[PDB]
$ cat start-v4.csv   # CSV, N, CA and C atoms and all ligand atoms
chain,number,residue,atom,x,y,z
A,1,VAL,N,7.5,27.3,-0.3
A,1,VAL,CA,6.2,27.7,0.4
A,1,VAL,C,6.5,28.6,1.5
A,2,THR,N,5.8,29.8,1.6
A,2,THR,CA,6.0,30.9,2.6
A,2,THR,C,5.7,30.4,4.0
A,3,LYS,N,6.5,30.9,5.0
A,3,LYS,CA,6.4,30.6,6.4
A,3,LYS,C,5.7,31.8,7.2
A,4,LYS,N,5.0,31.5,8.3
A,4,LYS,CA,4.5,32.5,9.3
A,4,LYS,C,5.6,33.1,10.1
A,5,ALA,N,5.3,34.1,10.9
A,5,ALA,CA,6.1,34.6,12.0
A,5,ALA,C,6.3,33.5,13.0
A,6,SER,N,7.5,33.3,13.6
A,6,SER,CA,7.7,32.4,14.8
A,6,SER,C,6.9,32.9,16.0
A,7,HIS,N,6.5,32.0,16.9
A,7,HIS,CA,5.9,32.3,18.2
A,7,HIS,C,6.8,33.2,19.0
A,8,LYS,N,8.1,33.0,18.9
A,8,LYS,CA,9.2,33.9,19.5
A,8,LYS,C,9.1,35.3,18.9
A,9,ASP,N,9.2,35.5,17.6
A,9,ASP,CA,9.1,36.8,16.9
A,9,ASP,C,7.7,37.5,17.2
A,10,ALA,N,6.7,36.7,17.6
A,10,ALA,CA,5.4,37.2,18.0
A,10,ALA,C,5.2,37.4,19.5
A,11,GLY,N,6.2,37.2,20.3
A,11,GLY,CA,6.3,37.6,21.7
A,11,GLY,C,5.5,36.7,22.7
A,12,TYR,N,5.5,35.4,22.4
A,12,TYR,CA,4.6,34.4,23.1
A,12,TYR,C,5.1,34.0,24.5
A,13,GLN,N,4.2,33.3,25.3
A,13,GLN,CA,4.3,32.7,26.5
A,13,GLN,C,3.7,31.3,26.5
A,14,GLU,N,4.0,30.5,27.6
A,14,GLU,CA,3.4,29.1,27.7
A,14,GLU,C,2.1,29.0,28.4
A,15,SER,N,1.5,30.1,28.8
A,15,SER,CA,0.2,30.3,29.4
A,15,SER,C,-0.6,31.5,28.9
A,16,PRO,N,-1.9,31.5,29.2
A,16,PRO,CA,-2.8,32.7,28.9
A,16,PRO,C,-2.3,34.0,29.6
A,17,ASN,N,-2.8,35.1,29.2
A,17,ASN,CA,-2.6,36.5,29.7
A,17,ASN,C,-4.0,37.0,30.1
A,18,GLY,N,-4.5,36.7,31.3
A,18,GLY,CA,-5.8,37.1,31.9
A,18,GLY,C,-7.0,36.6,31.0
A,19,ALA,N,-7.6,37.5,30.2
A,19,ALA,CA,-8.6,37.1,29.3
A,19,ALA,C,-8.1,36.5,28.0
A,20,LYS,N,-6.9,36.6,27.6
A,20,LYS,CA,-6.4,36.4,26.3
A,20,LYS,C,-5.5,35.1,26.3
A,21,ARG,N,-5.8,34.1,25.4
A,21,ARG,CA,-5.0,33.0,25.1
A,21,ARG,C,-5.0,32.7,23.5
A,22,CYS,N,-4.3,31.7,23.1
A,22,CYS,CA,-4.6,31.1,21.8
A,22,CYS,C,-6.0,30.5,21.8
A,23,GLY,N,-6.2,29.2,21.6
A,23,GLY,CA,-7.5,28.4,21.8
A,23,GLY,C,-8.6,28.8,20.9
A,24,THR,N,-9.1,30.0,20.9
A,24,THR,CA,-9.8,30.7,19.8
A,24,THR,C,-9.2,32.0,19.4
A,25,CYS,N,-8.6,32.8,20.4
A,25,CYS,CA,-8.0,34.1,20.3
A,25,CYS,C,-8.9,35.1,19.6
A,26,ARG,N,-8.3,36.0,18.8
A,26,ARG,CA,-8.9,36.6,17.6
A,26,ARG,C,-8.3,36.0,16.3
A,27,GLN,N,-7.3,35.0,16.5
A,27,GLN,CA,-6.5,34.5,15.4
A,27,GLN,C,-6.1,33.0,15.4
A,28,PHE,N,-6.7,32.2,16.3
A,28,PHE,CA,-6.2,30.8,16.4
A,28,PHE,C,-6.8,29.9,15.3
A,29,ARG,N,-6.1,28.9,14.9
A,29,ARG,CA,-6.5,28.0,13.8
A,29,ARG,C,-6.3,26.5,14.2
A,30,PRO,N,-7.3,25.9,14.9
A,30,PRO,CA,-7.2,24.6,15.5
A,30,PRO,C,-6.8,23.4,14.5
A,31,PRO,N,-6.2,22.4,15.0
A,31,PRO,CA,-5.9,22.1,16.4
A,31,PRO,C,-4.6,22.7,17.0
A,32,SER,N,-3.7,23.2,16.1
A,32,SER,CA,-2.3,23.6,16.5
A,32,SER,C,-1.7,24.7,15.6
A,33,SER,N,-2.4,25.4,14.8
A,33,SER,CA,-2.0,26.5,13.9
A,33,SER,C,-2.5,27.9,14.4
A,34,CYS,N,-1.9,28.9,13.8
A,34,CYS,CA,-2.4,30.3,14.1
A,34,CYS,C,-2.4,31.2,12.8
A,35,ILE,N,-3.2,32.2,12.8
A,35,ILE,CA,-3.3,33.2,11.7
A,35,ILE,C,-2.2,34.3,11.9
A,36,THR,N,-1.7,34.5,13.1
A,36,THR,CA,-0.5,35.3,13.3
A,36,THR,C,0.8,34.5,13.3
A,37,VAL,N,0.8,33.2,13.8
A,37,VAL,CA,2.0,32.5,14.3
A,37,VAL,C,2.1,31.1,13.6
A,38,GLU,N,3.3,30.6,13.5
A,38,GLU,CA,3.6,29.2,13.1
A,38,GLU,C,3.0,28.1,13.9
A,39,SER,N,2.9,26.9,13.2
A,39,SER,CA,2.4,25.6,13.8
A,39,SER,C,3.6,24.6,13.9
A,40,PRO,N,3.7,23.8,15.0
A,40,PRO,CA,2.7,23.7,16.1
A,40,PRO,C,2.8,24.8,17.2
A,41,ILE,N,1.7,25.4,17.5
A,41,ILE,CA,1.5,26.4,18.6
A,41,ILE,C,0.5,25.8,19.6
A,42,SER,N,0.8,26.1,20.9
A,42,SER,CA,-0.1,25.6,22.0
A,42,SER,C,-1.5,26.3,22.0
A,43,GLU,N,-2.5,25.5,22.3
A,43,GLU,CA,-3.9,26.1,22.4
A,43,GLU,C,-4.2,27.0,23.5
A,44,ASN,N,-3.1,27.3,24.3
A,44,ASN,CA,-3.2,28.4,25.3
A,44,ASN,C,-1.9,29.3,25.3
A,45,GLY,N,-1.0,29.2,24.4
A,45,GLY,CA,0.3,29.8,24.4
A,45,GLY,C,0.4,31.3,23.8
A,46,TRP,N,-0.4,32.2,24.5
A,46,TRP,CA,-0.7,33.5,24.0
A,46,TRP,C,0.5,34.3,23.5
A,47,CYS,N,0.4,35.0,22.3
A,47,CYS,CA,1.4,35.9,21.7
A,47,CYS,C,1.0,37.4,21.8
A,48,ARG,N,2.0,38.2,21.8
A,48,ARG,CA,1.9,39.7,21.8
A,48,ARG,C,1.4,40.3,20.5
A,49,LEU,N,1.6,39.6,19.4
A,49,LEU,CA,1.1,40.1,18.1
A,49,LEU,C,-0.3,39.7,17.7
A,50,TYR,N,-1.0,39.0,18.6
A,50,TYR,CA,-2.5,38.7,18.4
A,50,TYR,C,-3.3,40.0,18.1
A,51,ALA,N,-4.5,39.8,17.5
A,51,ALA,CA,-5.3,40.9,17.0
A,51,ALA,C,-6.0,41.7,18.0
A,52,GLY,N,-5.9,43.0,18.0
A,52,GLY,CA,-6.5,44.0,18.9
A,52,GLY,C,-8.0,44.1,18.9
A,53,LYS,N,-8.7,43.2,18.1
A,53,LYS,CA,-10.1,43.0,17.9
A,53,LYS,C,-10.8,42.7,19.2
A,54,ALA,N,-12.0,43.3,19.2
A,54,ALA,CA,-13.0,43.2,20.3
A,54,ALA,C,-13.3,41.8,20.8
A,101,LIG,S1,-2.3,35.1,17.5
A,101,LIG,FE1,-1.0,34.7,19.3
A,101,LIG,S2,-2.4,34.6,21.1
A,101,LIG,FE2,-3.5,34.4,19.1
A,101,LIG,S3,-3.8,32.2,18.8
A,101,LIG,FE3,-2.1,32.8,17.7
A,101,LIG,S4,-0.2,32.6,19.0
A,101,LIG,FE4,-2.0,32.6,20.1
$ encode --input "start-v4.csv" --output "structure tokens"
Amino acid sequence: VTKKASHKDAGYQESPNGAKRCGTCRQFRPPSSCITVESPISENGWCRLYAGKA
């Protein structure tokens, strides 16, 4: 079964970046998954590969 990108390979941190977090993001998948990144991921652990969407 195919794997996501690691939170590491996605450029993540342990806190939000200003306006941007996980939580809902443009890409978050509650309670602990992501559409960019592997699970378990933090509900505030923002990644650099998150979607450029408005
Ligand atoms: S794409 Fe990145 S910032 Fe967005 S929810 Fe997933 S890990 Fe977080």
$ closest_residue --input "start-v4.csv" --among "A:11, A:19, A:33, A:1" --to "residue 50 in chain A" --atoms "only N, CA and C atoms"
A:11
$ select_by_dssp --input "start-v4.csv" --residues "chain A" --states "strand (DSSP E or B)" --output "NGL selection string"
:A and (5 or 17 or 20 or 28-29 or 33-34 or 37)
$ closest_atom_pairs --input "start-v4.csv" --of "chain A" --to "ligand LIG 101 (chain A)" --cutoff "6 Å" --atoms "all atoms listed in the file" --output "tab-separated table"
residue	atom	partner	partner_atom	distance
A:21	C	A:LIG101	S2	4.0
A:22	CA	A:LIG101	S3	3.3
A:23	N	A:LIG101	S3	4.8
A:24	C	A:LIG101	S3	5.4
A:25	CA	A:LIG101	FE2	4.7
A:26	N	A:LIG101	FE2	5.1
A:27	C	A:LIG101	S3	4.2
A:28	CA	A:LIG101	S3	3.7
A:29	N	A:LIG101	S3	5.6
A:33	C	A:LIG101	FE3	5.9
A:34	CA	A:LIG101	FE3	4.4
A:35	N	A:LIG101	FE3	5.1
A:36	N	A:LIG101	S1	4.5
A:37	N	A:LIG101	FE3	4.9
A:45	C	A:LIG101	FE4	4.6
A:46	CA	A:LIG101	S2	3.5
A:47	N	A:LIG101	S2	3.1
A:48	N	A:LIG101	FE1	5.2
A:49	C	A:LIG101	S1	5.0
A:50	CA	A:LIG101	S1	3.7
A:51	N	A:LIG101	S1	5.2
$ write_last_selection --input "start-v4.csv" --atoms "N, CA and C atoms" --output "PDB file, in the frame of the given file"
ATOM      1  N   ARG A  21      -5.800  34.100  25.400  1.00  0.00           N
ATOM      2  CA  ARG A  21      -5.000  33.000  25.100  1.00  0.00           C
ATOM      3  C   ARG A  21      -5.000  32.700  23.500  1.00  0.00           C
ATOM      4  N   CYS A  22      -4.300  31.700  23.100  1.00  0.00           N
ATOM      5  CA  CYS A  22      -4.600  31.100  21.800  1.00  0.00           C
ATOM      6  C   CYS A  22      -6.000  30.500  21.800  1.00  0.00           C
ATOM      7  N   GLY A  23      -6.200  29.200  21.600  1.00  0.00           N
ATOM      8  CA  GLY A  23      -7.500  28.400  21.800  1.00  0.00           C
ATOM      9  C   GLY A  23      -8.600  28.800  20.900  1.00  0.00           C
ATOM     10  N   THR A  24      -9.100  30.000  20.900  1.00  0.00           N
ATOM     11  CA  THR A  24      -9.800  30.700  19.800  1.00  0.00           C
ATOM     12  C   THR A  24      -9.200  32.000  19.400  1.00  0.00           C
ATOM     13  N   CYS A  25      -8.600  32.800  20.400  1.00  0.00           N
ATOM     14  CA  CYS A  25      -8.000  34.100  20.300  1.00  0.00           C
ATOM     15  C   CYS A  25      -8.900  35.100  19.600  1.00  0.00           C
ATOM     16  N   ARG A  26      -8.300  36.000  18.800  1.00  0.00           N
ATOM     17  CA  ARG A  26      -8.900  36.600  17.600  1.00  0.00           C
ATOM     18  C   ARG A  26      -8.300  36.000  16.300  1.00  0.00           C
ATOM     19  N   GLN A  27      -7.300  35.000  16.500  1.00  0.00           N
ATOM     20  CA  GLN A  27      -6.500  34.500  15.400  1.00  0.00           C
ATOM     21  C   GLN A  27      -6.100  33.000  15.400  1.00  0.00           C
ATOM     22  N   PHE A  28      -6.700  32.200  16.300  1.00  0.00           N
ATOM     23  CA  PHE A  28      -6.200  30.800  16.400  1.00  0.00           C
ATOM     24  C   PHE A  28      -6.800  29.900  15.300  1.00  0.00           C
ATOM     25  N   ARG A  29      -6.100  28.900  14.900  1.00  0.00           N
ATOM     26  CA  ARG A  29      -6.500  28.000  13.800  1.00  0.00           C
ATOM     27  C   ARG A  29      -6.300  26.500  14.200  1.00  0.00           C
ATOM     28  N   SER A  33      -2.400  25.400  14.800  1.00  0.00           N
ATOM     29  CA  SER A  33      -2.000  26.500  13.900  1.00  0.00           C
ATOM     30  C   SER A  33      -2.500  27.900  14.400  1.00  0.00           C
ATOM     31  N   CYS A  34      -1.900  28.900  13.800  1.00  0.00           N
ATOM     32  CA  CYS A  34      -2.400  30.300  14.100  1.00  0.00           C
ATOM     33  C   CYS A  34      -2.400  31.200  12.800  1.00  0.00           C
ATOM     34  N   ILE A  35      -3.200  32.200  12.800  1.00  0.00           N
ATOM     35  CA  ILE A  35      -3.300  33.200  11.700  1.00  0.00           C
ATOM     36  C   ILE A  35      -2.200  34.300  11.900  1.00  0.00           C
ATOM     37  N   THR A  36      -1.700  34.500  13.100  1.00  0.00           N
ATOM     38  CA  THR A  36      -0.500  35.300  13.300  1.00  0.00           C
ATOM     39  C   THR A  36       0.800  34.500  13.300  1.00  0.00           C
ATOM     40  N   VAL A  37       0.800  33.200  13.800  1.00  0.00           N
ATOM     41  CA  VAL A  37       2.000  32.500  14.300  1.00  0.00           C
ATOM     42  C   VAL A  37       2.100  31.100  13.600  1.00  0.00           C
ATOM     43  N   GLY A  45      -1.000  29.200  24.400  1.00  0.00           N
ATOM     44  CA  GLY A  45       0.300  29.800  24.400  1.00  0.00           C
ATOM     45  C   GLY A  45       0.400  31.300  23.800  1.00  0.00           C
ATOM     46  N   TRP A  46      -0.400  32.200  24.500  1.00  0.00           N
ATOM     47  CA  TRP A  46      -0.700  33.500  24.000  1.00  0.00           C
ATOM     48  C   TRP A  46       0.500  34.300  23.500  1.00  0.00           C
ATOM     49  N   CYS A  47       0.400  35.000  22.300  1.00  0.00           N
ATOM     50  CA  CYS A  47       1.400  35.900  21.700  1.00  0.00           C
ATOM     51  C   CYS A  47       1.000  37.400  21.800  1.00  0.00           C
ATOM     52  N   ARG A  48       2.000  38.200  21.800  1.00  0.00           N
ATOM     53  CA  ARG A  48       1.900  39.700  21.800  1.00  0.00           C
ATOM     54  C   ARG A  48       1.400  40.300  20.500  1.00  0.00           C
ATOM     55  N   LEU A  49       1.600  39.600  19.400  1.00  0.00           N
ATOM     56  CA  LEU A  49       1.100  40.100  18.100  1.00  0.00           C
ATOM     57  C   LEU A  49      -0.300  39.700  17.700  1.00  0.00           C
ATOM     58  N   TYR A  50      -1.000  39.000  18.600  1.00  0.00           N
ATOM     59  CA  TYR A  50      -2.500  38.700  18.400  1.00  0.00           C
ATOM     60  C   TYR A  50      -3.300  40.000  18.100  1.00  0.00           C
ATOM     61  N   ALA A  51      -4.500  39.800  17.500  1.00  0.00           N
ATOM     62  CA  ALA A  51      -5.300  40.900  17.000  1.00  0.00           C
ATOM     63  C   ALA A  51      -6.000  41.700  18.000  1.00  0.00           C
TER      64      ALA A  51
END
$ atom_distance --input "start-v4.csv" --atom1 "CA of residue 10 in chain A" --atom2 "CA of residue 52 in chain A"
13.7 Å
$ atom_distance --input "start-v4.csv" --atom1 "CA of residue 3 in chain A" --atom2 "CA of residue 17 in chain A"
25.7 Å
$ build_atoms --input "start-v4.csv" --residues "range 12-25 of chain A" --atoms "N, CA, C and O atoms" --output "mmCIF file, in the frame of the given file"
data_model
loop_
_atom_site.group_PDB
_atom_site.id
_atom_site.type_symbol
_atom_site.label_atom_id
_atom_site.label_comp_id
_atom_site.auth_asym_id
_atom_site.auth_seq_id
_atom_site.Cartn_x
_atom_site.Cartn_y
_atom_site.Cartn_z
ATOM 1 N N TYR A 12 5.500 35.400 22.400
ATOM 2 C CA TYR A 12 4.600 34.400 23.100
ATOM 3 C C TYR A 12 5.100 34.000 24.500
ATOM 4 O O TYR A 12 6.235 34.183 24.962
ATOM 5 N N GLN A 13 4.200 33.300 25.300
ATOM 6 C CA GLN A 13 4.300 32.700 26.500
ATOM 7 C C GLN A 13 3.700 31.300 26.500
ATOM 8 O O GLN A 13 2.912 30.918 25.641
ATOM 9 N N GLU A 14 4.000 30.500 27.600
ATOM 10 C CA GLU A 14 3.400 29.100 27.700
ATOM 11 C C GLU A 14 2.100 29.000 28.400
ATOM 12 O O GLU A 14 1.539 27.898 28.616
ATOM 13 N N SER A 15 1.500 30.100 28.800
ATOM 14 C CA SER A 15 0.200 30.300 29.400
ATOM 15 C C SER A 15 -0.600 31.500 28.900
ATOM 16 O O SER A 15 -0.044 32.398 28.324
ATOM 17 N N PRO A 16 -1.900 31.500 29.200
ATOM 18 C CA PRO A 16 -2.800 32.700 28.900
ATOM 19 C C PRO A 16 -2.300 34.000 29.600
ATOM 20 O O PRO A 16 -1.591 33.929 30.643
ATOM 21 N N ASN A 17 -2.800 35.100 29.200
ATOM 22 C CA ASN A 17 -2.600 36.500 29.700
ATOM 23 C C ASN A 17 -4.000 37.000 30.100
ATOM 24 O O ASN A 17 -4.677 37.637 29.320
ATOM 25 N N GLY A 18 -4.500 36.700 31.300
ATOM 26 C CA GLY A 18 -5.800 37.100 31.900
ATOM 27 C C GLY A 18 -7.000 36.600 31.000
ATOM 28 O O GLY A 18 -7.304 35.443 31.120
ATOM 29 N N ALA A 19 -7.600 37.500 30.200
ATOM 30 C CA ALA A 19 -8.600 37.100 29.300
ATOM 31 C C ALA A 19 -8.100 36.500 28.000
ATOM 32 O O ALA A 19 -8.957 35.909 27.272
ATOM 33 N N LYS A 20 -6.900 36.600 27.600
ATOM 34 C CA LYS A 20 -6.400 36.400 26.300
ATOM 35 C C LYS A 20 -5.500 35.100 26.300
ATOM 36 O O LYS A 20 -4.477 35.016 26.974
ATOM 37 N N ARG A 21 -5.800 34.100 25.400
ATOM 38 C CA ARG A 21 -5.000 33.000 25.100
ATOM 39 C C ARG A 21 -5.000 32.700 23.500
ATOM 40 O O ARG A 21 -5.587 33.513 22.823
ATOM 41 N N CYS A 22 -4.300 31.700 23.100
ATOM 42 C CA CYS A 22 -4.600 31.100 21.800
ATOM 43 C C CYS A 22 -6.000 30.500 21.800
ATOM 44 O O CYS A 22 -6.986 31.177 22.119
ATOM 45 N N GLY A 23 -6.200 29.200 21.600
ATOM 46 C CA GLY A 23 -7.500 28.400 21.800
ATOM 47 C C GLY A 23 -8.600 28.800 20.900
ATOM 48 O O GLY A 23 -9.089 27.886 20.117
ATOM 49 N N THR A 24 -9.100 30.000 20.900
ATOM 50 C CA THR A 24 -9.800 30.700 19.800
ATOM 51 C C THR A 24 -9.200 32.000 19.400
ATOM 52 O O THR A 24 -9.088 32.407 18.258
ATOM 53 N N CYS A 25 -8.600 32.800 20.400
ATOM 54 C CA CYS A 25 -8.000 34.100 20.300
ATOM 55 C C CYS A 25 -8.900 35.100 19.600
ATOM 56 O O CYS A 25 -10.137 34.974 19.619
#
